[PDB]
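> Just dropping this structure here.
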Amino acid sequence: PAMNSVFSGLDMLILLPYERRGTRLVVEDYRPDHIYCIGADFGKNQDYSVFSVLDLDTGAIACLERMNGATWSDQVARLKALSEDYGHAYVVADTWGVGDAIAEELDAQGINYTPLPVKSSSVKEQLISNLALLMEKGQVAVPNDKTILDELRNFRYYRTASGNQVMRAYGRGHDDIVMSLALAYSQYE
């Protein structure tokens with residue numbers, strides 16, 4: 001890790017085997033005695049959308065779905081299917097700047113969701129610090145997928161011109177997986 005790495009506890013991250021089924025990485029199938037939620041961010045244009053299914057009873061990711069180039073309606077339909085697959089798991093959705101169509105469609109399609117708009121650096125910092133703390137404590141368990149691990153590894157601290165802290169991917173990288181995981185783990189006690 002570089003000096004400015006956010007996830008200093010990456011050594012305590014539990015790595016899980018999985019089966020790749022198209023856009024899903026499936027660690028385990030639905031356990032009906034457990035309660036699940038899904039962290040969801042939505043991509044515009046060629047950006048990725050990432051849905052992270054978290055078993056709230058074990059603290060482990062059961063399934064992670066990631067894709068780009070999907071229509072807005074297809075993003076919502078895939079989220080609905082994942083929710084239904086995991087017992088009508090509730091969605092923690094980053095609703096900031098998602099647009100009228102997706103907002104209307106979540107409601108119109110009866111998706112079980114709670115809004116968590118990542119509307120400022122302050123909100124992002126709360127989400128991230130919670131994930132990072134849980135990680136150091138050995139409570140975060142994710143699919144052992146190099147893309148996921150690399151995105152976590154490359155998430156770094158910077159400062160703005162006014163001196164405020166910001167967190168973002170190194171170089172010209174992405175953080176859609178990081179934020180999806182943080183949205184899921186925001187619910188974990």
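Labels for the structure tokens follow display order: chains A, B, ..., residues from 1 in each chain, ligands from 1.
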Looking only at the backbone, which of the residues in range 21-123 of chain A does DSSP tag as strand (DSSP E or B), as number ranges by chain?

A: 21, 24-26, 36-41, 49-55, 60-67, 90-93, 113-115

> Keeping only N, CA and C atoms, write those residues as a short mmCIF file (atom, residue, chain, number, x, y, z; two decimals), in the first residue's frame.


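The resulting file, part-v1.cif, is reproduced below:
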data_model
loop_
_atom_site.label_atom_id
_atom_site.label_comp_id
_atom_site.auth_asym_id
_atom_site.auth_seq_id
_atom_site.Cartn_x
_atom_site.Cartn_y
_atom_site.Cartn_z
N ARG A 21 -21.24 -16.29 -12.62
CA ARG A 21 -22.43 -16.59 -13.41
C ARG A 21 -22.82 -15.30 -14.15
N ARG A 24 -22.76 -11.86 -12.31
CA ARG A 24 -22.75 -12.16 -10.87
C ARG A 24 -21.54 -12.96 -10.45
N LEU A 25 -21.03 -12.63 -9.28
CA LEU A 25 -20.07 -13.45 -8.55
C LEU A 25 -20.85 -14.00 -7.38
N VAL A 26 -21.15 -15.29 -7.39
CA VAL A 26 -22.00 -15.89 -6.37
C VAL A 26 -21.13 -16.66 -5.37
N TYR A 36 -30.99 -10.12 4.45
CA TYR A 36 -30.03 -9.53 3.51
C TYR A 36 -30.38 -8.11 3.13
N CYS A 37 -29.37 -7.35 2.72
CA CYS A 37 -29.57 -6.06 2.04
C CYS A 37 -28.64 -6.00 0.85
N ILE A 38 -28.84 -5.01 -0.01
CA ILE A 38 -28.07 -4.88 -1.23
C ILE A 38 -27.59 -3.44 -1.35
N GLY A 39 -26.28 -3.23 -1.35
CA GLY A 39 -25.75 -1.90 -1.63
C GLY A 39 -25.77 -1.67 -3.12
N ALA A 40 -26.30 -0.54 -3.59
CA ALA A 40 -26.47 -0.32 -5.03
C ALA A 40 -26.00 1.06 -5.45
N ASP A 41 -25.05 1.09 -6.38
CA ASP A 41 -24.81 2.31 -7.14
C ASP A 41 -25.07 2.06 -8.62
N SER A 49 -22.32 -0.15 -12.81
CA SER A 49 -23.26 -0.27 -11.71
C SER A 49 -22.89 -1.52 -10.95
N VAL A 50 -22.92 -1.43 -9.62
CA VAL A 50 -22.49 -2.52 -8.73
C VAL A 50 -23.53 -2.73 -7.65
N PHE A 51 -23.97 -3.99 -7.52
CA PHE A 51 -24.95 -4.40 -6.51
C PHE A 51 -24.29 -5.43 -5.61
N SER A 52 -24.20 -5.16 -4.30
CA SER A 52 -23.50 -6.03 -3.34
C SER A 52 -24.50 -6.59 -2.36
N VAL A 53 -24.74 -7.90 -2.41
CA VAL A 53 -25.68 -8.55 -1.51
C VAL A 53 -24.95 -8.95 -0.23
N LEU A 54 -25.38 -8.36 0.88
CA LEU A 54 -24.79 -8.60 2.20
C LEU A 54 -25.73 -9.39 3.11
N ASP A 55 -25.21 -10.50 3.65
CA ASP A 55 -25.90 -11.27 4.66
C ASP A 55 -25.68 -10.52 5.98
N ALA A 60 -21.07 -11.25 5.68
CA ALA A 60 -20.37 -11.68 4.47
C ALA A 60 -21.19 -11.36 3.22
N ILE A 61 -20.49 -10.95 2.17
CA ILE A 61 -21.11 -10.74 0.86
C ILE A 61 -21.48 -12.12 0.30
N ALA A 62 -22.73 -12.29 -0.09
CA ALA A 62 -23.22 -13.54 -0.69
C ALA A 62 -23.15 -13.51 -2.21
N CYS A 63 -23.24 -12.33 -2.79
CA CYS A 63 -23.30 -12.17 -4.24
C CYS A 63 -22.93 -10.73 -4.59
N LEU A 64 -22.17 -10.54 -5.67
CA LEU A 64 -21.87 -9.20 -6.17
C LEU A 64 -22.10 -9.19 -7.66
N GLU A 65 -22.88 -8.22 -8.14
CA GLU A 65 -23.19 -8.10 -9.56
C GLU A 65 -22.62 -6.79 -10.05
N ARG A 66 -21.93 -6.83 -11.18
CA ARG A 66 -21.30 -5.64 -11.74
C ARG A 66 -21.42 -5.64 -13.24
N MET A 67 -21.85 -4.52 -13.82
CA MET A 67 -21.85 -4.42 -15.28
C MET A 67 -21.90 -2.98 -15.71
N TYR A 90 -33.63 -5.84 1.03
CA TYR A 90 -33.82 -4.41 0.82
C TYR A 90 -32.57 -3.78 0.23
N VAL A 91 -32.77 -2.78 -0.61
CA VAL A 91 -31.71 -2.10 -1.33
C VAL A 91 -31.36 -0.81 -0.60
N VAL A 92 -30.07 -0.59 -0.40
CA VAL A 92 -29.54 0.70 0.06
C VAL A 92 -28.99 1.38 -1.19
N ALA A 93 -29.74 2.34 -1.71
CA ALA A 93 -29.48 2.90 -3.05
C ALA A 93 -28.92 4.29 -2.99
N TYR A 113 -36.50 -0.63 -1.14
CA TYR A 113 -35.28 0.22 -1.00
C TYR A 113 -35.37 1.35 0.01
N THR A 114 -34.20 1.77 0.50
CA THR A 114 -33.98 2.91 1.37
C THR A 114 -32.95 3.80 0.68
N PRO A 115 -33.24 5.11 0.53
CA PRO A 115 -32.28 6.00 -0.13
C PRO A 115 -31.13 6.36 0.79
#

> Do you know which residues are at most 10 Å from residue 4 in chain A counting only C-alpha atoms, after dropping those on the same chain fewer than 5 positions away, and could you put them as a ChimeraX atom specification?

/A:154-158,167,170

> Rank nothing, just name the residue among A:89, A:6, A:180, A:16 nearest to residue 35 in chain A, using only C-alpha atoms.

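Answer, going by the shortest atom-to-atom distance: A:89.
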
> Give me the residues near range 57-59 of chain A as number ranges by chain, where near means some atom within 10 Å (using only C-alpha atoms) and where sequence neighbours in that chain fewer than 3 positions away do not count.

A: 33-36, 54, 62, 134, 138-142, 184-185, 187-189

> Can I get the selection written as a PDB file, in the first residue's frame, with N, CA and C atoms?


ATOM      1  N   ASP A  33     -33.114 -18.391   6.617  1.00  0.00           N
ATOM      2  CA  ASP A  33     -33.059 -17.985   8.016  1.00  0.00           C
ATOM      3  C   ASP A  33     -32.274 -16.682   8.243  1.00  0.00           C
ATOM      4  N   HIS A  34     -31.643 -16.143   7.191  1.00  0.00           N
ATOM      5  CA  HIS A  34     -30.893 -14.893   7.299  1.00  0.00           C
ATOM      6  C   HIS A  34     -31.590 -13.745   6.590  1.00  0.00           C
ATOM      7  N   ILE A  35     -31.226 -12.524   6.987  1.00  0.00           N
ATOM      8  CA  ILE A  35     -31.739 -11.278   6.422  1.00  0.00           C
ATOM      9  C   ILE A  35     -30.623 -10.616   5.619  1.00  0.00           C
ATOM     10  N   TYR A  36     -30.991 -10.116   4.446  1.00  0.00           N
ATOM     11  CA  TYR A  36     -30.031  -9.533   3.511  1.00  0.00           C
ATOM     12  C   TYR A  36     -30.380  -8.107   3.132  1.00  0.00           C
ATOM     13  N   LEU A  54     -25.382  -8.364   0.884  1.00  0.00           N
ATOM     14  CA  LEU A  54     -24.786  -8.597   2.202  1.00  0.00           C
ATOM     15  C   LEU A  54     -25.725  -9.389   3.106  1.00  0.00           C
ATOM     16  N   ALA A  62     -22.734 -12.287  -0.092  1.00  0.00           N
ATOM     17  CA  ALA A  62     -23.223 -13.536  -0.688  1.00  0.00           C
ATOM     18  C   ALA A  62     -23.150 -13.514  -2.205  1.00  0.00           C
ATOM     19  N   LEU A 134     -14.853  -1.684  10.084  1.00  0.00           N
ATOM     20  CA  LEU A 134     -15.311  -3.067  10.030  1.00  0.00           C
ATOM     21  C   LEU A 134     -14.249  -3.970   9.415  1.00  0.00           C
ATOM     22  N   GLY A 138     -11.892  -7.347  11.067  1.00  0.00           N
ATOM     23  CA  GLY A 138     -12.050  -8.698  10.543  1.00  0.00           C
ATOM     24  C   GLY A 138     -13.489  -9.092  10.274  1.00  0.00           C
ATOM     25  N   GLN A 139     -14.364  -8.116  10.041  1.00  0.00           N
ATOM     26  CA  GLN A 139     -15.787  -8.365   9.875  1.00  0.00           C
ATOM     27  C   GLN A 139     -16.267  -8.250   8.427  1.00  0.00           C
ATOM     28  N   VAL A 140     -15.373  -7.887   7.515  1.00  0.00           N
ATOM     29  CA  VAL A 140     -15.736  -7.712   6.111  1.00  0.00           C
ATOM     30  C   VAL A 140     -15.234  -8.927   5.329  1.00  0.00           C
ATOM     31  N   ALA A 141     -16.131  -9.517   4.533  1.00  0.00           N
ATOM     32  CA  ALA A 141     -15.803 -10.720   3.758  1.00  0.00           C
ATOM     33  C   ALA A 141     -16.386 -10.552   2.369  1.00  0.00           C
ATOM     34  N   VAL A 142     -15.531 -10.651   1.358  1.00  0.00           N
ATOM     35  CA  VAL A 142     -15.908 -10.338  -0.016  1.00  0.00           C
ATOM     36  C   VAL A 142     -15.419 -11.415  -0.977  1.00  0.00           C
ATOM     37  N   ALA A 184     -23.701  -1.274   1.366  1.00  0.00           N
ATOM     38  CA  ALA A 184     -24.178  -2.487   2.036  1.00  0.00           C
ATOM     39  C   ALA A 184     -23.788  -2.502   3.516  1.00  0.00           C
ATOM     40  N   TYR A 185     -22.498  -2.292   3.783  1.00  0.00           N
ATOM     41  CA  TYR A 185     -21.966  -2.387   5.148  1.00  0.00           C
ATOM     42  C   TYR A 185     -22.428  -1.263   6.071  1.00  0.00           C
ATOM     43  N   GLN A 187     -25.280  -0.867   6.832  1.00  0.00           N
ATOM     44  CA  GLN A 187     -26.379  -1.498   7.542  1.00  0.00           C
ATOM     45  C   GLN A 187     -25.926  -2.518   8.572  1.00  0.00           C
ATOM     46  N   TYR A 188     -24.640  -2.853   8.596  1.00  0.00           N
ATOM     47  CA  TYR A 188     -24.152  -3.988   9.377  1.00  0.00           C
ATOM     48  C   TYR A 188     -23.743  -3.531  10.756  1.00  0.00           C
ATOM     49  N   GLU A 189     -24.215  -4.270  11.753  1.00  0.00           N
ATOM     50  CA  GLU A 189     -24.017  -3.943  13.161  1.00  0.00           C
ATOM     51  C   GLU A 189     -22.967  -4.867  13.767  1.00  0.00           C
TER      52      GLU A 189
END

> Residues of range 23-152 of chain A classed as alpha helix (DSSP H) by DSSP on the backbone are to be reported as a PyMOL selection string.

chain A and resi 72-85+100-108+121-136+146-152

> Go ahead and save the picked residues with C-alpha atoms, as a PDB file, in the first residue's frame.


ATOM      1  CA  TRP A  72     -31.523   2.050 -16.868  1.00  0.00           C
ATOM      2  CA  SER A  73     -34.479  -0.320 -16.887  1.00  0.00           C
ATOM      3  CA  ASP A  74     -32.173  -3.360 -17.099  1.00  0.00           C
ATOM      4  CA  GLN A  75     -30.170  -2.067 -14.086  1.00  0.00           C
ATOM      5  CA  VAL A  76     -33.459  -1.851 -12.140  1.00  0.00           C
ATOM      6  CA  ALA A  77     -34.677  -5.266 -13.369  1.00  0.00           C
ATOM      7  CA  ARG A  78     -31.370  -6.942 -12.398  1.00  0.00           C
ATOM      8  CA  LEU A  79     -31.588  -5.303  -8.966  1.00  0.00           C
ATOM      9  CA  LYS A  80     -35.171  -6.572  -8.566  1.00  0.00           C
ATOM     10  CA  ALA A  81     -34.120 -10.127  -9.465  1.00  0.00           C
ATOM     11  CA  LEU A  82     -31.241 -10.042  -6.996  1.00  0.00           C
ATOM     12  CA  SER A  83     -33.526  -8.710  -4.266  1.00  0.00           C
ATOM     13  CA  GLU A  84     -36.088 -11.447  -4.913  1.00  0.00           C
ATOM     14  CA  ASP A  85     -33.375 -14.136  -5.071  1.00  0.00           C
ATOM     15  CA  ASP A 100     -36.071  10.768 -12.736  1.00  0.00           C
ATOM     16  CA  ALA A 101     -36.410   7.504 -14.689  1.00  0.00           C
ATOM     17  CA  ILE A 102     -34.503   5.257 -12.245  1.00  0.00           C
ATOM     18  CA  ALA A 103     -36.116   7.053  -9.254  1.00  0.00           C
ATOM     19  CA  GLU A 104     -39.591   6.579 -10.765  1.00  0.00           C
ATOM     20  CA  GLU A 105     -38.760   2.968 -11.783  1.00  0.00           C
ATOM     21  CA  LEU A 106     -37.643   1.857  -8.301  1.00  0.00           C
ATOM     22  CA  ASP A 107     -41.079   2.999  -7.040  1.00  0.00           C
ATOM     23  CA  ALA A 108     -43.012   1.851 -10.129  1.00  0.00           C
ATOM     24  CA  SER A 121     -17.657  14.316   0.653  1.00  0.00           C
ATOM     25  CA  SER A 122     -18.924  14.191   4.285  1.00  0.00           C
ATOM     26  CA  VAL A 123     -21.493  11.450   3.482  1.00  0.00           C
ATOM     27  CA  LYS A 124     -18.868   9.522   1.503  1.00  0.00           C
ATOM     28  CA  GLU A 125     -16.406   9.799   4.418  1.00  0.00           C
ATOM     29  CA  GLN A 126     -18.974   8.352   6.859  1.00  0.00           C
ATOM     30  CA  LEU A 127     -19.676   5.372   4.582  1.00  0.00           C
ATOM     31  CA  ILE A 128     -16.002   4.716   3.942  1.00  0.00           C
ATOM     32  CA  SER A 129     -14.796   5.093   7.530  1.00  0.00           C
ATOM     33  CA  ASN A 130     -17.479   2.598   8.616  1.00  0.00           C
ATOM     34  CA  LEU A 131     -16.346   0.075   5.985  1.00  0.00           C
ATOM     35  CA  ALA A 132     -12.655   0.611   6.844  1.00  0.00           C
ATOM     36  CA  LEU A 133     -13.308   0.120  10.588  1.00  0.00           C
ATOM     37  CA  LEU A 134     -15.311  -3.067  10.030  1.00  0.00           C
ATOM     38  CA  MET A 135     -12.513  -4.270   7.748  1.00  0.00           C
ATOM     39  CA  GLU A 136      -9.765  -3.739  10.311  1.00  0.00           C
ATOM     40  CA  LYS A 146      -8.793  -9.377  -8.214  1.00  0.00           C
ATOM     41  CA  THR A 147     -10.941  -6.567  -9.666  1.00  0.00           C
ATOM     42  CA  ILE A 148     -12.652  -6.052  -6.275  1.00  0.00           C
ATOM     43  CA  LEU A 149      -9.437  -6.311  -4.288  1.00  0.00           C
ATOM     44  CA  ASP A 150      -7.586  -3.978  -6.644  1.00  0.00           C
ATOM     45  CA  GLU A 151     -10.294  -1.312  -6.352  1.00  0.00           C
ATOM     46  CA  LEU A 152     -10.000  -1.477  -2.558  1.00  0.00           C
TER      47      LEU A 152
END

> For CA of residue 99 in chain A and CA of residue 43 in chain A, quote the distance in Å rounded to one decimal.

10.9 Å

> Just checking: using only C-alpha atoms, which residue out of A:153, A:47, A:95, A:120 ends up closest to residue 11 in chain A?

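Closest to residue 11 in chain A of all the choices is A:153.
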
> How far is it from CA of residue 87 in chain A to CA of residue 119 in chain A, in Å with one decimal?

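Result for CA of residue 87 in chain A versus CA of residue 119 in chain A: 29.2 Å, one decimal.
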
> By how many Å are CA of residue 98 in chain A and CA of residue 42 in chain A apart?

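We find that CA of residue 98 in chain A and CA of residue 42 in chain A lie 6.9 Å from each other.
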